[PDB]
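Take a look at the letters that make up each chain.
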Number of protein chains: 4
Amino acid sequence: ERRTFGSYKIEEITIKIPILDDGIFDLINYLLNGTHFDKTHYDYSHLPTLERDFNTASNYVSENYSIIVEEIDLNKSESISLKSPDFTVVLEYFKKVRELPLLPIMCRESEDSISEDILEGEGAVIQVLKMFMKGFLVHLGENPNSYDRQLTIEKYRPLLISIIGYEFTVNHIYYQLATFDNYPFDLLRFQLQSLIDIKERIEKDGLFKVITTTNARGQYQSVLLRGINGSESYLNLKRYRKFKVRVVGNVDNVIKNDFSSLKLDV
Amino acid sequence: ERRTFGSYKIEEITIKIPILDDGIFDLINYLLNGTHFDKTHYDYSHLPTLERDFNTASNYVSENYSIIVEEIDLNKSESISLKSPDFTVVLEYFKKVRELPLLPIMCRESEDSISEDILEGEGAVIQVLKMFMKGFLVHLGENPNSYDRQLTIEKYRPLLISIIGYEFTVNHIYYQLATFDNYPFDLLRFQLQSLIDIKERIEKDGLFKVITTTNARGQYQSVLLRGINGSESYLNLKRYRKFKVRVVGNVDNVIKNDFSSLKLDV
Amino acid sequence: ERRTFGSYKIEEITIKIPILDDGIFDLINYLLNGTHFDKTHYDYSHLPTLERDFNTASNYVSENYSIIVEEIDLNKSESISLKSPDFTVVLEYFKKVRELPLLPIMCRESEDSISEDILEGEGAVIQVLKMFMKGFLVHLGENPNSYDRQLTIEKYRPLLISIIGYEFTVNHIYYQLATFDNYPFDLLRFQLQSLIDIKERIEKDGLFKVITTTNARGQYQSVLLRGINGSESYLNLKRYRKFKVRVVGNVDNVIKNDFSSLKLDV
Amino acid sequence: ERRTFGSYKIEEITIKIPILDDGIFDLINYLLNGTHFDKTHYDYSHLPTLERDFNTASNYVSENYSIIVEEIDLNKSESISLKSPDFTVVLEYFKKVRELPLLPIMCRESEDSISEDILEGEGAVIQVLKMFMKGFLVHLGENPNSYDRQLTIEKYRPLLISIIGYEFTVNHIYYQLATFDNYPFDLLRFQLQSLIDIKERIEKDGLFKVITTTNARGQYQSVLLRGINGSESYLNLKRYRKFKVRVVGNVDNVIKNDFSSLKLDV
């Protein structure tokens, strides 16, 4: 059941709406386990240095996951969630509920205080995801679909966001990609080229804004990104699921029998 | 939207049951209109003399259809049905209901009284359908499916029946094919070869039996076929429908754009 | 209650979804009556020769509308609809239901048989709409909104289509604009520039495809456009309404009174 | 998200009723925290000595609030309420309920017994609110609305009441303003001028009346104000809420792109 890396799939439901398979839920679980590409469900010539970054980031995320795996109850569904711009994972577990800020880029006054091996671990993670998106887009271009006009990149926004955060804590393409979660596929297929213009001044003074609402029972902090149009968008939760894969098995038919051979009447 | 002749298609529905597209409902309508293969929704090298028989039978069925088209009301859905062994078509029409015995082979005491042109018309029809089935089976062998074990030939039984009727009013393959409407696909894919054995005696004395039930309000006549096992099966009605084809259009994508060309960061 | 020509407006509803006001329903009614710009609900320096084309097309559409106005019953809501690519209007009328193919460009084997005054009338209509869209887009750029990322050009597709039809029966911009009814606003605000590439070959052989489905009770004809990606889209109905304008009246306040004048205590 | 001080806002709801935003709920919370104007959600030239009184009163209210903050449970919505004429705040708190008489002016036989710093604190509070109302009214005059005829000052009555209490425990404008909670906006916009006449005799003998009803389970005390018409009104509870502010963010669009530049056909 192997597949190319960074893939997506399209499935139909009707009462003919399609839905997309991301390559993330499984990707998240793989990074949870530190699993290596060989023992994965996964033609990568144009993917330079893919494996070393892959497995280094897999291990780094593996121990980070273990950091909270240690506390987990035996007894204590799966509805993993992600938050921009510190790109934090969110879990739940019942008897029959935690988080981790994978890439905190909002404020880091430990540029040299944090050890360089940890920094390289995060850099490996962010580059891995960067190339993962590059693969996902190559995949989009490689095969077009009837349903290319029905959905948007919207899931992947925060990852691109994390990219630009590193950019400030070290671009035009990834930024403007992030700017439109609602952006459609074949559009990008058309105008990957001229995505060049804000020019310098709206990002020299912070890429994002931070606002807290004093809800009188707490302090709902929130991050408010600004996009190259010079505009803004609130960051929002996005609960995940993952489709229960079909039992279907490959036909792999070998008989390929001839029919003219049989002495049919005429 | 062209396709190969004699095709079938497989469609999924779930609350993952598949259903088959026959190539008959459309085929019936085409024979209704006498339409020629060029102006059809339809790689036929192994189909000898296909076109001349095709269009001759199309015309013959066209006038036969007109025989009852003349009487039809303007105002007076579509639920066409077929009956073995005279292979009769059945129509309905409402304001917002007839039949025709296309190939009556039960009793014909007009072997020379019926003109030879009419006889050639029916022979063209029966051969056309014969090759149509041969194509359908070549199609089955050409592409196998996950769902090859889920359905049977059951729709096409009466046509094979009509074949054997001509055989008596002029075989092993088509007979035994007809014998099992419940017969599965890939089985035939396996054992097309040895389908040879009843030997002479159960068919010298009539291929079928005829029984009428005196239901006290009418005489329900019925034909009871016997199969090479030396067994029997009652012939049954089979109401038809036809799926409302999807609006889907061919992507026919031409851009096939490169991606390494864009100056992505790394 | 005057407004600039070719305008749009944005209105909120919630149980904060916005909806757009087109400038079409009213525009359609104005062309129905042949009304001139002076006696309209409507800063047009950059609109060359606007009035002469405006009123000529208004008159032409007025008589064309009268062509079916003559037959209308006294007694016999309003749910006007439009169809590409002949860009036909659709009406209904009850006691307490027609159409007209305004710009038939699918097939016209009367290039010189049709008088030149009629041809100039249609050309005036199509240019009028062309500039109307140019104004609509200037309007989009002039004022951006919070909700610029929530809707698409989708209403106006067929008009752009009619444009390209004239192009064949005499471009890159209007074509690619039409190609994406789902296209978002501020995107166009960004990349109006580089919209240049199919190159010659997919449009030399017909801009559109025509397919009829033999639904066994009729012949549902349909037109299937192809877009610069080399892809396709089915053309679809779009029922219209028009919001019942609010009773609101301009405050136009004139008092602008001072307050420090009153002998407030401190 | 800064705004001018003492503001109000107008919001629409329909099944087009408007509602007003006060500048009080937030103001109450700010005085709860002793917050200073700089770190507030808030062009004040005509506001003399605003900041010193602002922050002094903020601190005074802050400790007064702390007086009951000390007792509050950790675990133990928000429905703050105010009562004239001692202008007392009212709170509630649940697991998942107190008051404070901010400006008791009904009876104070401690004119010199109460220290002068406390007295200056209350005087700062009352002047702060006095100017706050003056700003609110300047705001009303500065921008008029369609809905100026749909609501009344009714929320702010008790504050004006507290004013007149100080007047006795040290006017025509603030008194008559208080006299009509049901008074409409643009009226005041018209006749701020001649609000002069009861003349001396109905207020020399107490501004208000006090009546207790022996409800046989308690003593429901109540204060009964008298207005310059020589009439009366019972003082009433007014439960508060505060709208959950919209997530909306400022567009702050910067592109302001030209359109004639693109080589549109005509």
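Residues numbered from 1 in each chain as written, not as in the entry; some residues may be left out. Chains lettered and ligands numbered in written order. Part of a larger assembly, values for the part shown. Heavy atoms only, no water.

Per the deposited record, determination of this structure is attributed to cryo-EM, with the resolution reported as 6.8 Å.

Things to note about the overall build of chain A
Within chain A, the regular secondary structure consists of six helices and eight strands. Along chain A, helices (α) and strands (β) appear in the sequence β-β-α-α-β-β-β-α-α-α-α-β-β-β when read from the amino end. Looking at chain A as a whole, 43% of its 266 residues qualify as buried. Surface accessibility of chain A: about 16200 Å² in total, with carbon and sulfur atoms responsible for 59%. (Helix = DSSP H or I, 4+ residues; strand = E, 2+ residues; numbered from the N terminus. Buried < 20%, exposed > 50% of the residue type's maximum accessible area, 1.4 Å probe, protein only. Areas by Shrake-Rupley, 256 points an atom, 1.4 Å probe, with all protein chains shown as cover.)

Considerations on the sheet that holds strand β5 (residues 99-101) of chain C
Residue and element names in this part refer to chain C. One open sheet holds the three strands; their spatial order is β3-β4-β5, and the pairing between them is antiparallel. Each having just a single partner strand, β3 (81-83) and β5 make up the two edges of the open sheet. Neighbour-to-neighbour, the strand axes of this sheet turn through a mean angle of 15°, independent of strand direction. Direction of pairing for β3 relative to strand β4 (residues 88-90): antiparallel, over a ladder of three bridges. Bridge pairing in β4 places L82 opposite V89. (Pairing = 2+ DSSP bridges. Axes fitted to C-alpha atoms, helices over the stretch in contact; angles between N-to-C directions.)

Observations concerning the relation of the copies chain B and chain A
When chain B is fitted to chain A, the residual RMSD is 0.0 Å, and the transformation amounts to a turn of 180° plus an axial shift of 0.2 Å. On this basis, the relationship between the two copies can be described by a two-fold rotation axis. (Least-squares fit on C-alpha atoms.)

As for the sheet that holds strand β7 (residues 219-227) of chain C
Residue and element names in this part refer to chain C. Strand order in the open sheet made by the three strands is β6-β7-β8, with antiparallel pairing throughout. At either end of the open sheet lies a strand with only one pairing partner, and these are β6 (208-214) and β8 (231-234). With direction set aside, neighbouring strand axes in the sheet form an average angle of 30°. Of the strand pairs in this sheet, β6 and β7 are connected by seven bridges, and their pairing is antiparallel. Opposite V210, over in β7, you have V223 as the bridge partner.

Observations regarding the relation of the copies chain D and chain A
Overlaying chain D with chain A gives an RMSD of 0.0 Å, the required rotation being 60° about an axis along which the chain moves by 0.0 Å. The two molecules are tied by a six-fold rotation axis, judged by turn and shift. Closest approach to the rotation axis among the C-alpha atoms of chain D is made by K95 of chain D, whose C-alpha sits 25 Å away.

What to know about the interface of chain D and chain A
Quite often, the size of an interface is put as the accessible area lost when its parts meet. Taken residue by residue, the interface counts 11 residues in chain D and 10 residues in chain A. The junction of chain D with chain A conceals about 750 Å² of combined surface from both sides, 54% of it contributed by carbon and sulfur atoms. Contact with chain A buries area across many residues of chain D, yet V247, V254 and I255 of chain D alone supply 41% of it, more than any other trio. Classifying every residue of the side of chain D that touches chain A by side-chain character gives five nonpolar, four polar and two charged. (Contact = heavy atoms within 4.5 Å. Buried area = accessible area lost by both parts, 1.4 Å probe. Nonpolar A, V, L, I, M, F, W, Y, C, P; charged D, E, K, R; others polar.)

A short note on the interface of chain B and chain A
Residue-level contacts link 27 residues of chain B with 27 residues of chain A. Three residues stand out in chain B for area buried against chain A, namely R189, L192 and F259 of chain B, and they jointly supply 24% of the buried area on that side. Taken together, the connections running from chain B to chain A amount to two salt bridges. Here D265 of chain B makes a salt bridge to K130 of chain A, at a shortest N to O gap of 3.2 Å. For the side of chain B that touches chain A, the residue count by class is 12 nonpolar, seven polar and eight charged. (Salt bridge = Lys/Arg side-chain N within 4 Å of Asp/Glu carboxyl O.)

Notes on the environment of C107 of chain C
Residue and element names in this part refer to chain C. Relative to the helices and strands, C107 is located in the loop between β5 and α3 (116-142). You can call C107 exposed: its relative accessible area is 53%. Counting along the chain gives 59 residues from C107 to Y166, while the straight-line C-alpha distance between them is 12 Å.

A word on the packing of helix α1 (residues 25-33) of chain B against helix α2 (residues 50-69) of chain B
Residues and elements named next belong to chain B. Where α1 meets α2, the axes come as close as 6 Å, and the angle between the chain directions of the two elements is 80°. By the criterion of interaxial angle, the relationship of α1 to α2 is roughly perpendicular. Between α1, through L31, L32 and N33, and α2, the contact on the second element is made entirely by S58, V61, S62 and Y65. (Parallel < 35°, antiparallel > 145°, perpendicular 65-115°, else oblique.)

Some remarks on the pattern of salt bridges
Residues and elements named next belong to chain A. What the rule picks out here adds up to 36 salt bridges over all chains. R2 is paired through a salt bridge with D43; the nearest N and O atoms lie 2.2 Å apart. Using a relative accessible area of 47% as the deciding quantity, one classes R2 as partly exposed. We note a salt bridge from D181 to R157, for which the minimum N-O separation is 2.7 Å. The two residues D181 and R157 agree in class, both being buried.

A word on a nonpolar patch on the surface
Where nonpolar side chains cluster on the molecular surface, the patch consists of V254 and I255 of chain A together with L187 and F190 of chain B and spans about 390 Å² of accessible area. As for its placement among the helices and strands, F190 of chain B is situated in helix α6 (residues 185-190). On the basis of relative accessibility, which here comes to 46%, the residue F190 of chain B falls in the partly exposed class. (Patch = residues over 30% accessible without salt bridge, like charges linked within 9 Å, V, L, I, M, F, W, Y side chains within 5 Å.)

So, the nonpolar core
With 123 residues, the main nonpolar core has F5, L160 and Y174 of chain A together with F5, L160 and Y174 of chain C as its most contacted residues. Ranked by residues supplied to this core, first place goes to helix α3 (residues 116-142) of chain A with 10 residues. With residues near it in sequence (within four places) discarded, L160 of chain C still touches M133, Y174, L177 and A178 of chain C. In terms of nonpolar packing, the next biggest core, distinct from the first, is built from 57 residues, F5, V89, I153 and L159 of chain D among them. (Core = buried A, V, L, I, M, F, W, Y, C linked by side-chain atoms within 4.5 Å.)

Section: the environment of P48 of chain A
When you line up the elements, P48 of chain A lands in the loop between α1 (25-33) and α2 (50-69). The sequence separation of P48 of chain A and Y65 of chain A amounts to 17 residues, and the corresponding C-alpha distance is 27 Å.

Observations concerning the packing of aromatic side chains
Tallied over the entire structure, the rule returns 38 aromatic pairs over all chains. Geometrically, the ring pair formed by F5 of chain B and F37 of chain B is edge-to-face, given 6.2 Å between the ring centres and 85° between the ring planes. In this structure, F5 of chain B and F37 of chain B share a single accessibility class: buried. Between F5 of chain C and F132 of chain C the ring centres are 5.5 Å apart and the planes differ by 65°, which places this aromatic pair in the edge-to-face class. Residue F132 of chain C is classed as buried on the basis of its relative accessible area of 1%. Counting every residue linked through ring pairs, the aromatic cluster contains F5, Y8, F37, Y42, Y44, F54, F132, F136 and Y156 of chain A. Across from the ring centre of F243 of chain B, 5.1 Å away, lies the NZ or CZ of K242 of chain B, which sits over that ring. (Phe/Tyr/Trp six-rings, centres within 6.5 Å; stacked < 30°, edge-to-face > 60°. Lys NZ or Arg CZ within 6 Å of the ring centre and 35° of its normal.)

Side note on the environment of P104 of chain A
Its place among the elements puts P104 of chain A in the loop between β5 (99-101) and α3. Once the C-alpha coordinates of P104 of chain A and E154 of chain A are considered, the two residues, 50 residues apart in sequence, prove to be 21 Å apart.

A short note on unusual backbone geometry
A cis geometry characterises the amide bond from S84 of chain C onward to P85 of chain C, with omega recorded as -5°. For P85 of chain C, the location among the structural elements is in the loop between β3 and β4. Here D252 of chain B, not a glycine, exhibits a phi torsion of approximately 50°, which is positive. Here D252 of chain B shows up in the segment after β8 (231-234).

Details of helix α4 (residues 157-168) of chain D
All names here are of chain D. Given a rise of 1.5 Å per residue, 12 residues ought to cover 16 Å, and the 17 Å separating the end C-alpha atoms of α4 matches this to within 8%. By the criterion of burial, α4 is predominantly enclosed, with nine of the 12 residues buried. Every buried residue of α4 is accounted for by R157, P158, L159, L160, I161, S162, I163, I164 and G165. On its buried face, α4 is in contact with α3 (116-142), α5 (173-179), β6 (208-214), β7 (219-227) and β8 (231-234). (Expected span 1.5 Å × (residues − 1).)

Points about the pairing of β8 of chain D
Moving residue by residue along a regular strand, the side chains alternate between the two faces of the sheet. Sheet topology note: the β7 of chain D/β8 of chain D ladder contains four bridges and is antiparallel. Across the sheet, the residue bridging to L225 of chain D is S233 of chain D, located in β8 of chain D.

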